[PDB]
Amino acid sequence: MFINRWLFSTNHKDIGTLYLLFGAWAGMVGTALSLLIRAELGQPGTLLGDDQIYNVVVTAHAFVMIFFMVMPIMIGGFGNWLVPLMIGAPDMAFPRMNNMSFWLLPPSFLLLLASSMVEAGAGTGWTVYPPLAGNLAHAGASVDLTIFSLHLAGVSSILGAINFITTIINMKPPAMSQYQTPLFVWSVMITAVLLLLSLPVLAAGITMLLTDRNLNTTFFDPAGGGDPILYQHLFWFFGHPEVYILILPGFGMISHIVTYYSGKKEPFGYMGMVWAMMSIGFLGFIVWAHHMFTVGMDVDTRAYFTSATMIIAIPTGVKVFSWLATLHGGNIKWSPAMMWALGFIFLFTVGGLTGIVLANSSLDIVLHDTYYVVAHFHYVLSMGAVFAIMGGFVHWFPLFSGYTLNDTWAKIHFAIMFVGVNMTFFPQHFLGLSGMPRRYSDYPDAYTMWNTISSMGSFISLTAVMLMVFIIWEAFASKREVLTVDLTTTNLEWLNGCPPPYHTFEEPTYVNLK
Amino acid sequence: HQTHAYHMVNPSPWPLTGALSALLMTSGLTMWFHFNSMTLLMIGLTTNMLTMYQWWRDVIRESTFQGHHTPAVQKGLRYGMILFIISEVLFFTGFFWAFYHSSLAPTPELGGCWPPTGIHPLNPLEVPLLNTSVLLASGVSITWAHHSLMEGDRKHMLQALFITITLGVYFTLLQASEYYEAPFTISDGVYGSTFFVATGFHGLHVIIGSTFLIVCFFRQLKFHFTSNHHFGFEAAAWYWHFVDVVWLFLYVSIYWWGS
Amino acid sequence: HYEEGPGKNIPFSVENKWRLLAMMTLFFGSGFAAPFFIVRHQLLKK
Amino acid sequence: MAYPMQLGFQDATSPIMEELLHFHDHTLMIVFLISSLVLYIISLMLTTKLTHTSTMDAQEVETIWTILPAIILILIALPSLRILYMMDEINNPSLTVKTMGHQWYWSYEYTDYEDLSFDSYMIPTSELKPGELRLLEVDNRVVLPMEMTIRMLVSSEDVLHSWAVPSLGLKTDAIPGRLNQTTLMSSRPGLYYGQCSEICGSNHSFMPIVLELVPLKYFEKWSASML
Amino acid sequence: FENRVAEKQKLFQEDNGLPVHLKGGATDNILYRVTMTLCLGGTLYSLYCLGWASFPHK
Amino acid sequence: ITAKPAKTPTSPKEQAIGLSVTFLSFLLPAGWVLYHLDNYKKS
Amino acid sequence: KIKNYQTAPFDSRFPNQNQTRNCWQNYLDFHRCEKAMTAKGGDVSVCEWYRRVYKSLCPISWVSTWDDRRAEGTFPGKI
Amino acid sequence: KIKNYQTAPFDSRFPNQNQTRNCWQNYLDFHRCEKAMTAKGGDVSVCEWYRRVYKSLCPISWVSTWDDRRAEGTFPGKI
Amino acid sequence: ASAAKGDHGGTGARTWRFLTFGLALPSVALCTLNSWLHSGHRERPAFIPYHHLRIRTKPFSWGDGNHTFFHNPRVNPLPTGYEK
Ligand SMILES: CCCCCCCCCCCCCCCCCC(=O)OCC(COC(=O)CCCCCCCCCCCCCCCCC)OC(=O)CCCCCCCCCCCCCCCCC
Ligand code: HEA
Ligand code: HEA
Ligand SMILES: CCCCC/C=C\C/C=C\C/C=C\C/C=C\CCCC(=O)O[C@H](COC(=O)CCCCCCCCCCCCCCCCC)COP(=O)(O)OCCN
Ligand SMILES: CCCCCC/C=C\CCCCCCCCCC(=O)O[C@H](COC(=O)CCCCCCCCCCCCCCC)COP(=O)(O)OC[C@@H](O)CO
Ligand SMILES: CCCCCC/C=C\CCCCCCCCCC(=O)O[C@H](COC(=O)CCCCCCCCCCCCCCC)COP(=O)(O)OC[C@@H](O)CO
Ligand SMILES: CCCCCCCCCCO[C@@H]1O[C@H](CO)[C@@H](O[C@H]2O[C@H](CO)[C@@H](O)[C@H](O)[C@H]2O)[C@H](O)[C@H]1O
Ligand SMILES: C[C@H](CCC(=O)O)[C@H]1CC[C@H]2[C@@H]3[C@H](O)C[C@@H]4C[C@H](O)CC[C@]4(C)[C@H]3C[C@H](O)[C@]12C
Ligand SMILES: C[C@H](CCC(=O)O)[C@H]1CC[C@H]2[C@@H]3[C@H](O)C[C@@H]4C[C@H](O)CC[C@]4(C)[C@H]3C[C@H](O)[C@]12C
Ligand code: CUA
Ligand SMILES: [O-][O-]
Ligand SMILES: [Cu+2]
Ligand SMILES: [Mg+2]
Ligand code: NA
Ligand code: NA
């Protein structure tokens, strides 16, 4: 029965639980890598070794945080748990294929582990650009294992996307239109469309790198008439959509959290929120070359990409102001999830704004490949995606588990993490403006003070991660079983109790048309 | 028990065996490329085939033999197959992008021209044109099979499907011959790279699509399809038209315009 | 059928909070420790 | 070069770098303003016992928060693109220099008349002369004439690199098989520092760029001295 | 051929509690065990190969 | 949210144990590796 | 000899950051001209402009490799 | 180099019945070559092959019109 | 386009069979004839060891490392030229 239940699952809740466990474990791996980065940089000189071992750490840090922590938690975990419940569906459309999307991830992770253990690792950046990633500058199996790791993660997410789109279009109550589904469901559906379209291009690109490395193709090798920049286009055609994939489920959870703890039955401006997510998803496909403003493209192309990138601020700003307008007039419950969501709104805004700085190709010449970029994306990832994850985890942990957290402990955890991430990343703006490059194991002496402070911040965030593990333990250790929650009339996922039975909605909801 | 129409699937081992088969094929490719051994790769290919065989066998048991494919379930599968074909289109888009990138801006190493110096392309009016008529013809014959099935005509459905499969096999044998006769190779710079990787992934999809049609042929021989309910046949036809359309883009882009 | 309810819908047991603490400590600890030992492995390798 | 506790850009050494400084000041004002408005409005929403929980109409307010950001974006893009097109202008240089990235150092070629070339390696910390800068000095600097429009051509003989000099506003990727062009004009003599800005393997952190800007007559004496 | 689908319908709807991947009878169990043994053995073998490849060799 | 009282309440002493054990499980292995870095960069 | 050459002027055919083709074109133009002026009975001094432009713009290793391949008979451009 | 010119040889670039571009290209080549020479000081003698070919192939009225347009400043080809 | 054919009334099995045997398979037959006319081997070209062709950055994982997967000795030279 244990093997049938946990290895042969066809149940959306159990598969969601597997994803949350997997992503939590991955988050520890990714945290350890981030501390190794910041230990290397925490004083001038060399701690570990040269840039090879250092950038194997950096490369792994990124792949783990993006592919094994954020996407499994948001899409595999919250998505599987919540989407069927929020539409009254009895499971996902392809409940058995869903289980394969999960079980492809431990093999994917194993391949990433193997890449770092064989030879000298893949010290390429998570972008894996040739020729550094090719078979002369990275001879041996490491980069190929990294490519295969991405292939399996890609197949996992493509099949998961097919499952989520089909479920969300086909398995709503017959009276419920698309404009009566909750914003988190919208956010997953749009994320899934972005995955469906972008991951096959990445797959094409890394397959060409594989064949350049092993079958004597020359897609990216000038000696055969190839072009390293073609790889960059193919990678970023996926890689910009990918960052909207990382944030969109977060936006959907933030909408639910802000609505709930404002005591509101609904988010402000529902159709505007749907419009904004669809707009961001669409614009996210036509801006990729803002990752390439120093490669030598023609000036009119740089002007187009500057302009198209900045217009994404418009729909994003509609969401930010609509969250504020959802708070407006609320009976505010200062829960720990609400604290995560408020921190999200402000810190995501700061990071989005430094993204708009970077969108200007002229200024990006000086800022590209510096820590200003690192500061931008850790505000949206370490203080946006992660805050949405933490807010959703503390909000929905009682649903998934049946047990309550200690709210005071969760508030302490939020406070520590807030200090730690801001101490880590805010000084990195100064390091970037003043010219410290990315992917360096050591820096000119002038950069010491802010690197020192940034590394001290990373230890504070480590203390938060450790505290989080204790808090989850304390909840399972004490076994305070949920009785009721507020606002079930507008939060259907709670209405089958905590945790919901293995099978829910065996008798579907009744919704009439009138 | 339930009063919805959706399918609650029995707990299954095939997701796990499929995922493990992926691990074995990828680590197996790694062993083959770097440690001169095909062992793991052969295991992985075998377990992958066993997994697909048993998984789709079970989908047949669930639908033809157990009745779980209600119209709502069928509608979901229709969406699923369309979405899968869309992802496959985007996969090929990456290879077309590579082809146009290289051929519209030929670098000095090629001679600054396309085709590169020293490359002698196949004549697109010879076997490539024949291959084009073969796949176009198989799109007509599969449409005849579809209409025969809908009209209840077992004999002509089987005849038309057999013709469709024969043409797919003919394409595959023509392409295998052309690969062998080609005076350029995958190692002949970016010309050979784009030619063989793009037509090679296409040829793989022809083999997949032909295999799918063959599955449909034997299920039709076994009376699985009704005149109204035959989604495996519809999916294999959609996939077949997709394979035909990719070929037409390859033919116009790589064989003809790129010659 | 499977067991249902709080502490029953999970692949690990919460019947004893100290057994649980050991499990969770092995689980999260092993993930946090793995990068340090891989780095050690690479530094020792050569 | 950067100095301890620096918060902003290195002092501008070229006219284009000064334009970027003023453009950054303009854009950072907007970033600070919007950031602080969002922070303020959050606090405003959270500090009243007054409530309004029934359905709120959104149409009117969404005009304002699409049109106002649209105007702000235009006010950023206008000077942004002005500077972009300024950088691209025909400048008619008096000198062309090539640099080739390598693992892990830069070589330079001055082949307008004489066929001069040389390699430029980081000075190891153990060999620094007293008062010289850790990770930044090189053995052979890029000698160049000040107050003159110079064409720099950038490529690589192995993996990607990127050739950067922050105080001149310069960063041009070094890509094998490709010859990328940028223009260099220093308003002042002196020593101007930069570092490799595309991950390139083991010693990415340790292949700096040092320009040495000198009057034309001194540049000519230096080139003449290489015959 | 003759249409024997009704007899397969009877077989696969038999109330024997078996999951669909085993409902065809003893052949199903054999094929399943072959498949799982190859997967789990090959996975163990792949781990061995990692250990071998993780240290300098040849 | 409302909830039943804890079935198995976790006293402050019990919490100090779980917290210490949790923190040690992160800190000791990494500590051991980092302490021995120099011992690795010579072997 | 209309000279006093300092460096290669702006060429409207090659107005963008990628100057690869500019180096390649002037290298071909020099060598096509130098071949014309040998096989038909003239002076290579007529080819000098292309020579100065490609020498100014082209990486020394590119010139060296192209020269080697012309001598080998493997240069893929038409001269 | 030496002569013995009889008529314009087969040219693989223009293998078909329409020879318009063969006449045009050789006319352009001659006048391009000639401009190149009369500048740098050298000898139009090196241009002679193009001159013989275009004179062989081109209708007199086409040459005459193209010459008139070059003098007028209205010739649309690049020389 | 309407092409130049003409049928409908009802697109059905009979019409698609008619297209299969009356248009599609005749077209295959003609292209097969065309192809078997222009078959027969071209004069293979002089070998020139162009550096953008016969690329070898890593040995192939089969044979002697130096032969492509569908190597044809008659028309595929090695980096050092044609084989004996
Ligand atoms: C929670 C705390 C954790 C601890 C970690 C820190 C957290 C950050 C809080 C710290 C809150 C600080 C609020 C404004 C900081 C600006 C510091 C500055 O002087 O900036 C200088 C400029 C460049 O300037 C120059 O070119 C020359 C500078 C010197 C001028 C001449 C004066 C000479 C003496 C200098 C004295 C110092 C002046 C400072 C003046 C200070 C005025 C405020 O650098 C930059 O662009 C860096 C910023 C890039 C983009 C971030 C903008 C969004 C922030 C708005 C809300 C804060 C979010 C923080 C995120 C968190 C906020 C809640
Ligand atoms: C969750 C992840 C995430 C998100 C959501 C974003 C969002 C954005 N990003 Fe970012 N980005 C990354 C993750 C992300 N990014 C990563 C990982 C990289 C590095 C890749 C690498 O090289 O490894 C990167 C790199 C990157 C670059 C390349 C810089 C370089 O390498 O030189 C650029 C350039 O344009 C950019 C811009 C933006 C912009 C304009 C947005 C916008 O979507 C932000 C829009 C939001 C707002 C503007 C705030 C809210 C709006 C209002 C309150 C309205 C009013 C505002 C205005 C009028 C301006 N990003
Ligand atoms: C989601 C993505 C993500 C996240 C969260 C982080 C988090 C952190 N990152 Fe990372 N980072 C990247 C993605 C991310 N990073 C990427 C893409 C790059 C560029 C790679 C490249 O150059 O190739 C990068 C690069 C990068 C660099 C630059 C390296 C260089 O240029 O040399 C640095 C340096 O300080 C850094 C530090 C950190 C630190 C200290 C944290 C810390 O804030 C981490 C603190 C811990 C957490 C945030 C908790 C994580 C765990 C969970 C959320 C699970 C919780 C459990 C449950 C809910 C059950 N990162
Ligand atoms: C009957 C043939 C006719 C149709 C073609 C059918 C089969 C194609 C099969 C697979 C194609 C997939 C990979 C494409 C890789 C290259 C194969 C290209 C097609 C091919 O077969 O190319 C051959 C080379 O094969 C080679 O290198 C070796 C090829 C074998 C090793 C491939 C290993 C790489 C596989 C990587 C796949 C990654 C997939 C990831 C998908 C993830 C999606 C999210 C060409 O032979 P040649 O001798 O160079 O020239 C002919 C000269 N006479
Ligand atoms: C470098 C080498 C990398 C190798 C990576 C290999 C990784 C994968 C190993 C794959 C093993 C596959 C085993 C067969 C999977 C069959 C899935 C399938 O067919 O799933 C179906 C749904 O997907 C649908 O339809 C939609 C259509 C079916 C999709 C099947 C796709 C197989 C995956 C191939 C990879 C695709 C990537 C595409 C883009 C490049 C059915 O869903 P179930 O939930 O099962 O049942 C629902 C019941 O109601 C049915 O009665
Ligand atoms: C040389 C030998 C090589 C062999 C290699 C083989 C590799 C792939 C094999 C090809 C795919 C075979 C798929 C067979 C699917 C059979 C199951 C099926 O068709 O199942 C049908 C459902 O369709 C469904 O799940 C739809 C199922 C969709 C499957 C789609 C598969 C697409 C291919 C995936 C792999 C892509 C790889 C890409 C690589 C880059 C069942 O429903 P019906 O038909 O309505 O019947 C019910 C009626 O009887 C009621 O009256
Ligand atoms: C970036 C994340 C890491 C954050 C930092 C971790 C915080 C410190 C945790 C303590 O770790 C322990 O520290 C001891 C030193 O205090 C080490 O004992 C070592 O030192 C002792 C005395 O010098 C000897 O008794 C021991 O035998 C010898 O192993 C021991 O191995 C190590 O487990
Ligand atoms: C970047 C991509 C080329 C990728 C490649 O090198 O492979 C090219 C192909 C088509 C180009 C676009 C088209 O030429 C249309 C537009 C032309 C404008 O001058 C710039 C924006 C513009 C929208 C171009 C942006 C960019 O250069 C595009 C998108
Ligand atoms: C028409 C559509 C749906 C209305 C509905 O059926 O409920 C709504 C939803 C969101 C609206 C958009 C958003 O409110 C954002 C923009 C706001 C401007 O005031 C008008 C254009 C603007 C782009 C809006 C146009 C239109 O009214 C949209 C697109
Ligand atoms: Cu060279 Cu980084
Ligand atoms: O990517 O922003
Ligand atoms: Cu982007
Ligand atoms: Mg870069
Ligand atoms: Na360091
Ligand atoms: Na049908």
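So that the names make sense, note that chain A is the first sequence line, chain B the second, and so on, each numbered from 1. Note that ligands are numbered from 1 as they come in the structure, with each ligand's atoms numbered from 1 the same way.
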**Student:** State whether the side chain of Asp364(A) and the backbone N or O of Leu367(A) hold a donor-acceptor pair below 3.5 Å, judged by distance alone.
**Tutor:** no
**Student:** Do any N or O atoms from the side chain of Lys171(D) and from the backbone of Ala164(D) form a donor-acceptor pair under 3.5 angstrom?
**Tutor:** no
**Student:** Minimum distance, heavy atoms only, to atom 44 (C) of ligand 2: which one of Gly352(A), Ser382(A), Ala70(D) is it?
**Tutor:** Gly352(A)
**Student:** Any heavy atom of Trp126(A) closer to ligand 2 than 4.0 angstrom?
**Tutor:** yes
**Student:** For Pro69(D), take its heavy atoms, then give the atoms of ligand 2 lying under 4.0 Å from any of them.
**Tutor:** 58 (C)
**Student:** When the ring planes of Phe305(A) and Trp288(A) are compared, do they come out parallel, tilted or perpendicular, using 30° and 60° as the limits?
**Tutor:** perpendicular
**Student:** Please list, in number order, the atoms of ligand 2 under 4.0 Å from a heavy atom of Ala359(A).
**Tutor:** 34 (C), 35 (O)
**Student:** Would you tell me which option among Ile74(D), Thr27(D), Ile72(D), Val320(A) has the nearest heavy-atom contact to atom 50 (C) of ligand 2?
**Tutor:** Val320(A)
**Student:** How many angstroms lie between CG in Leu41(A) and OG in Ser441(A), if you round to the nearest 0.5 Å?
**Tutor:** 7.5 Å
**Student:** Measure up the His291(A) and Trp236(A) rings against each other and bin them: parallel (under 30°), tilted (30 to 60°), perpendicular (over 60°).
**Tutor:** parallel
**Student:** Can you name the residues that form a ring-ring contact (aromatic ring centres under 6.0 Å, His included) with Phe344(A), not counting sequence neighbours?
**Tutor:** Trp323(A), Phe348(A)
**Student:** With sequence neighbours excluded, what pairs up with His61(A) under the ring-ring contact (aromatic ring centres under 6.0 Å, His included) test?
**Tutor:** none
**Student:** Any donor and acceptor pair, going by atom type alone, linking the side chain of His376(A) with main-chain N or O of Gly355(A) inside 3.5 Å?
**Tutor:** yes
**Student:** Near the Na ion (ligand 14), which protein N/O/S atoms fall under 3.0 Å?
**Tutor:** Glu40(A) O, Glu40(A) OE2, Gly45(A) O, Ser441(A) O
**Student:** Going by heavy atoms, is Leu381(A) under 4.0 Å from ligand 2?
**Tutor:** yes
**Student:** Counting heavy atoms only, which of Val357(A), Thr309(A), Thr349(A) comes nearest to atom 49 (C) of ligand 2?
**Tutor:** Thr349(A)
**Student:** Run through the protein N/O/S atoms less than 2.8 Å from atom 10 (Fe) of ligand 2 and write them out by chain and number.
**Tutor:** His376(A) NE2
**Student:** Against heavy atoms of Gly317(A), which atoms of ligand 2 measure under 4.0 Å?
**Tutor:** 51 (C), 52 (C), 54 (C)
**Student:** With atoms numbered from 1 as shown, which atoms in ligand 2 lie under 4.0 angstrom from a non-hydrogen atom of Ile34(D)?
**Tutor:** 53 (C), 56 (C), 57 (C), 58 (C)
**Student:** Would you say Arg438(A) contacts ligand 2, with heavy atoms under 4.0 Å as the rule?
**Tutor:** yes
